[PDB]
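Participant: Got a structure here, written out as structure tokens. Questions coming.
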Number of protein chains: 6
Amino acid sequence: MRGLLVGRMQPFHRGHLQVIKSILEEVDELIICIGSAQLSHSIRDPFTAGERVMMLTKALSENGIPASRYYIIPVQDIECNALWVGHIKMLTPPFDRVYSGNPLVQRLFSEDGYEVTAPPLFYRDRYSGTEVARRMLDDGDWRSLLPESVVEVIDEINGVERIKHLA
Amino acid sequence: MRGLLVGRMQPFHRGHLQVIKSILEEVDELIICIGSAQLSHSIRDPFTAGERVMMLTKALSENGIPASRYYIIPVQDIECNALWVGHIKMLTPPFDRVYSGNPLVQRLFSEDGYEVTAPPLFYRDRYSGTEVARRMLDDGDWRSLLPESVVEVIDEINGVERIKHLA
Amino acid sequence: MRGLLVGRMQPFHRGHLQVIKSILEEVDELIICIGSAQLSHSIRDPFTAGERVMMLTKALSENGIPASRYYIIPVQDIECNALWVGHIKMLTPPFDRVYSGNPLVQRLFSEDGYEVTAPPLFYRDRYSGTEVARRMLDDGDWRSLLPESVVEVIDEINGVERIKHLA
Amino acid sequence: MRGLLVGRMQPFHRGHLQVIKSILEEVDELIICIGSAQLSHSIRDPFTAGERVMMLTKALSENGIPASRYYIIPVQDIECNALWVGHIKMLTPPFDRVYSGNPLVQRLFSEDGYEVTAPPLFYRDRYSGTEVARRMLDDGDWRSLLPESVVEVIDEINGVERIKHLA
Amino acid sequence: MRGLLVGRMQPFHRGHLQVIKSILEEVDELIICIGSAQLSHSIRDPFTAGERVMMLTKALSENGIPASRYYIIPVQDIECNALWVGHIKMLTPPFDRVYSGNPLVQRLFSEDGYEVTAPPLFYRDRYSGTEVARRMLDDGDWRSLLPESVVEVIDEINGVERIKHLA
Amino acid sequence: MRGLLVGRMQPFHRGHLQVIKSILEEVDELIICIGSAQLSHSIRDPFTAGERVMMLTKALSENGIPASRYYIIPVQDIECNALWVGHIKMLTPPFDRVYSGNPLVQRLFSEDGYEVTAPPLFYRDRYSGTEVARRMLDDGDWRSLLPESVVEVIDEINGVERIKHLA
Ligand SMILES: NC(=O)c1ccc[n+]([C@@H]2O[C@H](COP(=O)([O-])OP(=O)(O)OC[C@H]3O[C@@H](n4cnc5c(N)ncnc54)[C@H](O)[C@@H]3O)[C@@H](O)[C@H]2O)c1
Ligand SMILES: NC(=O)c1ccc[n+]([C@@H]2O[C@H](COP(=O)([O-])OP(=O)(O)OC[C@H]3O[C@@H](n4cnc5c(N)ncnc54)[C@H](O)[C@@H]3O)[C@@H](O)[C@H]2O)c1
Ligand SMILES: NC(=O)c1ccc[n+]([C@@H]2O[C@H](COP(=O)([O-])OP(=O)(O)OC[C@H]3O[C@@H](n4cnc5c(N)ncnc54)[C@H](O)[C@@H]3O)[C@@H](O)[C@H]2O)c1
Ligand SMILES: NC(=O)c1ccc[n+]([C@@H]2O[C@H](COP(=O)([O-])OP(=O)(O)OC[C@H]3O[C@@H](n4cnc5c(N)ncnc54)[C@H](O)[C@@H]3O)[C@@H](O)[C@H]2O)c1
Ligand SMILES: NC(=O)c1ccc[n+]([C@@H]2O[C@H](COP(=O)([O-])OP(=O)(O)OC[C@H]3O[C@@H](n4cnc5c(N)ncnc54)[C@H](O)[C@@H]3O)[C@@H](O)[C@H]2O)c1
Ligand SMILES: NC(=O)c1ccc[n+]([C@@H]2O[C@H](COP(=O)([O-])OP(=O)(O)OC[C@H]3O[C@@H](n4cnc5c(N)ncnc54)[C@H](O)[C@@H]3O)[C@@H](O)[C@H]2O)c1
């Protein structure tokens, strides 16, 4: 039983982590697709795919989630929403369930015959990339919304410095 | 210490496996980039990125190589050889050494200031994608050139049937 | 005498139909280019090129307009407005007149030396893709703005279900 | 019952015509996809999609085949063979059977669950685009391999002049 | 000592000219990259790369700035901000300093290890492409914001006519 | 009177230089388009657009040809030969004559209504990119086929080292 989770992870936060945990309770393995892998250096998508790979790797690992239980696959976007599901399938291992709270993602996979599950929201109020960026720019408390290992990486790559320079 | 290996893995064979083993002897982790991830269904590149992801996953895992010691990242090709190194860097975690026997790959990374190591050849005669395909088409003994788990996947996806239909 | 009409047809409505009728009064044949053929599953452009092909086919046919009097050619968009006219010319048969109410379309074809005619508006108030979608989402009376055969197709492909899920 | 035929039609010849006729005997309508629509001005693919649209239109029409029995849809190629079937589906109306003598085309549609029929060859010896071009360049008798209306178009666009200048 | 200036030059105005002059005071040569070279016919980016090439050529030349002191290189945009610096480097001669008031441009080149200088603003209030277009559309006094030779070109290509038709 | 010359300049050799000289005898200015600007690091196209920009700049300049008499514009290739002429026009200043010995280039511009001149060959035997590369790889006398300033650049960028590593 292999599930699939698609997210930009800009950046990978506690919301993303709790849901990945819920999913690992009902699936043997989880394919984690880092979407919009070609985007970076924008307030909405500031980190590169590679940097996001490190964030998930350290977070999941520091959280005791075995490496053999997931796959981290960067996926660039394409112009045709109609071929997007096939695009994912071409780049990933087989999967039976799709987890997403994104309407377009859910609809596209539904039309394709896949069972789509919208995981429960875990403090959508504070645990959102929008909020994380919003706090970084306004000197708010962003570190609280992210796993410690994710904060460490953002520190090592000078994430905040980058984001502020862009705003 | 993190190294980087780039290969099409069409398909992942014993040659690829032994070298990955040699590299794991001098590096803590290895980033395995499945190149030409957008190519499939051709005699030269018959399997999709996703199918190749399964091949490496089962092989490495069946060979007792811990999941935490490597990253499997599919990478599509781009039109400019000049930006290809940056393209890899954007999609991967940081790395210190590059392993490749491909002249273009070696040169591009050299020009970029990376130390490039050309791993020793392990029976280049039989352990080559060219040979594997050559034997599949001519009913030769291809199973011997591939890890058992890789043969199993090729069986489950009907690889041989596909390749023959294409030739 | 062959004219050219360019439109997204998202979806094909009574406005599009009346104008196609006006044009067939002064031209032997009409080339109908379904623009933005690569877009789908968005509130602005919900249907695929193929689905739109069916809409026009059934509508025009049900309206007694002979098949030999028009060509339905899907056309994807390109990044350079400067080459867009050439892009259309490359994919279509020769034509003498261009019909459009779109400023960019008109200007581009003018600069290219083509006579451009802005057909008269037929109830632009209700006969607009914006309005059709607006009514589908708010349970309004959309069926009235579309040819019956177009409503039938939207029913057979579950258009409304899709659009609502996206909003 | 709607079938699908995919071909470059470089140019549309008697071979293509007879097979389209055979197919119309067992299907209500035929979707004719002009593949490699982005290619032109090469010995292998000398005519543009638009020019090929005219060739099929005049040929089929001059042969008494009603316009309502087919769709002519230009289709550009894409880099991923894995998404090519979806690419066609996105741009065309629904279809039940696929006709092709091309191994890749057949395999791709098979893997996708479509019944694929390889139509019988009608003088593959002389009725091939390779041969048509071969004769045009060497002043051979090419006109015999093509429908009269197709010869007329090639004359009106100066096809032979173009091809020779390229060789 | 070779510097690099990146700008859309939509259109090339007095602001762009004064800064190019300031830069020529501390650098032997200046590489002038006309960015977004693939964009044209939009209120934000109305002129083609070629038209912009003429604007800079006449302006700089009419201003007595020797041709041997600069390079005018059109540069199309790419989807990955992460490879954009490499993209510029691939298309230009070597350079030591980067001049820009654009946050993204500055940040990207900084991350890449280049010294970035934000030239002083010269009447940013009136000397902006936004303002030039704003005045052209509202019959304002745009000619005052542009070098005379630039006005002449805009006259010869019917710039104002184009822009108004688009708005 | 402005002419247009299109060439890959891989690398810029004495053949390219003499012809540029012949053209400057009958035209006020020459637009020199460095084609295939996206290609590099291949035996056929080893240098980047930027490196080629330096080659032409030093060569032309060292040959006393005033900078104001030419434009050096890098041009990436596109997939549709049908839009290629428009692609060039979009990126360059206006021009009246086209100079090329390339059949495709000549044909495309002819079809577009431009007068095309095939300049006389100047020792096509030795003055060809094929030959230059052929000699670099086989330790032949390549320096003789290139302007001195071009040899200097190839030395400063380690051209020979690169090419050999690729072969
Ligand atoms: N190229 C295409 O045509 C196409 C079509 C569809 C989608 N996409 C891609 O999909 C990606 C977008 O993913 P996204 O916007 O959903 O990313 P995201 O990171 O914002 O969301 C990822 C997942 O996290 C969940 N999540 C976030 N915060 C949560 C919280 N506090 N509690 C519980 N769950 C929470 C969301 O519900 C979602 O399932 C992009 O890369 C996009 O480009 C591409
Ligand atoms: N897009 C670009 O501009 C660009 C530029 C360069 C390279 N690339 C990509 O690089 C990839 C090509 O990789 P490749 O051709 O080397 O793949 P490959 O699978 O043939 O080789 C991968 C590695 O395996 C090693 N290897 C294979 N058999 C071996 C054996 N028996 N013993 C020891 N070592 C062995 C090779 O030396 C090499 O380092 C493609 O995806 C290509 O497109 C892309
Ligand atoms: N790729 C490029 O560079 C580029 C440049 C220009 C245009 N395009 C394409 O052009 C297409 C846009 O076409 P559009 O926005 O006009 O589509 P549309 O469907 O909104 O309009 C199509 C036509 O219908 C007419 N029309 C609509 N309702 C009418 C009514 N009630 N009465 C009378 N006439 C009515 C419009 O005036 C227009 O001529 C897109 O595919 C766009 O991407 C592409
Ligand atoms: N983009 C992608 O990934 C991808 C993948 C597969 C195919 N394609 C496209 O498919 C198209 C290729 O089609 P093709 O090469 O088959 O074109 P073609 O014109 O050579 O052949 C078209 C059809 O005509 C039939 N035919 C030709 N001569 C005949 C004769 N004398 N008697 C009977 N039948 C005859 C062939 O069997 C075939 O089914 C291209 O556009 C190609 O790019 C694209
Ligand atoms: N493709 C990518 O990923 C990517 C990433 C970054 C940037 N870009 C490109 O960079 C280009 C954008 O350049 P831009 O928006 O800065 O162009 P612009 O023409 O608006 O500005 C160019 C320069 O002029 C200066 N300037 C303008 N008016 C001035 C005045 N009155 N006084 C002093 N200085 C003045 C600006 O500070 C800037 O350095 C685009 O082509 C964009 O696409 C591309
Ligand atoms: N993207 C497209 O669709 C498309 C279509 C056509 C051409 N192109 C581009 O055109 C470029 C190809 O140019 P090319 O192959 O001619 O480059 P090239 O450098 O080989 O030749 C350039 C010019 O030099 C001349 N020349 C070379 N040696 C000479 C000598 N000894 N004496 C006299 N004249 C000599 C040739 O006749 C030619 O006019 C490429 O960038 C190609 O991609 C692109």
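Each chain in the structure tokens gets a letter, A, B and so on, in the order shown; residues start at 1 in every chain, and ligands are counted from 1 in the order they appear.
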Please provide the set of residues having any atom within 10 Å of residue 163 of chain A, restricted to only C-alpha atoms, with same-chain residues fewer than 5 positions apart removed, written as number ranges by chain.

Facilitator: A: 41-47, 133, 136-137, 158; E: 104, 107

Participant: Taking only C-alpha atoms into account, which residues of chain F are within 8 Å of chain E, as a list in words?

Facilitator: residues 37, 48, 49, 50, 51, 53, 54, 67, 68, 72, 73, 74, 89, 90, 91, 92, 93 and 94 of chain F

Participant: Output as a count of residues only all residues of segment 47-167 of chain F that backbone DSSP marks as strand (DSSP E).

Facilitator: 11

Participant: Compute the set of protein, DNA and RNA residues whose minimum atom distance to ligand 2 is at most 8 Å, using only C-alpha atoms and all ligand atoms, and state it as a PyMOL selection string.

Facilitator: chain B and resi 5-16+18-19+34-37+75-85+99-102+104-105+108+118-129

Participant: Tell me, which residues of segment 122-162 of chain E carry DSSP alpha helix (DSSP H), written as a ChimeraX atom specification?

Facilitator: /E:129-137,148-156,159-162

Participant: Restricting the calculation to only C-alpha atoms and all ligand atoms, which member of E:60, E:98, E:160, E:167 is positioned closest to ligand 5?

Facilitator: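 Of E:60, E:98, E:160, E:167, the one nearest ligand 5, counting only C-alpha atoms and all ligand atoms, is E:98.
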
Participant: Just to confirm, what's the straight-line distance from atom 41 (O, counted along the ligand's line) of ligand 1 to atom CA of residue 159 of chain C in Å (one decimal)?

Facilitator: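 Straight-line distance from atom 41 (O, counted along the ligand's line) of ligand 1 to atom CA of residue 159 of chain C works out to 24.2 Å.
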
Participant: Just the number, please: distance in Å from atom CA of residue 29 of chain A to atom CA of residue 1 of chain A, one decimal.

Facilitator: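 Atom CA of residue 29 of chain A sits 6.8 Å away from atom CA of residue 1 of chain A.
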
Participant: Using only C-alpha atoms and all ligand atoms, can you tell me which of F:150, F:116, F:166, F:59 comes closest to ligand 6?

Facilitator: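 So, comparing all the options, the nearest one is F:116.
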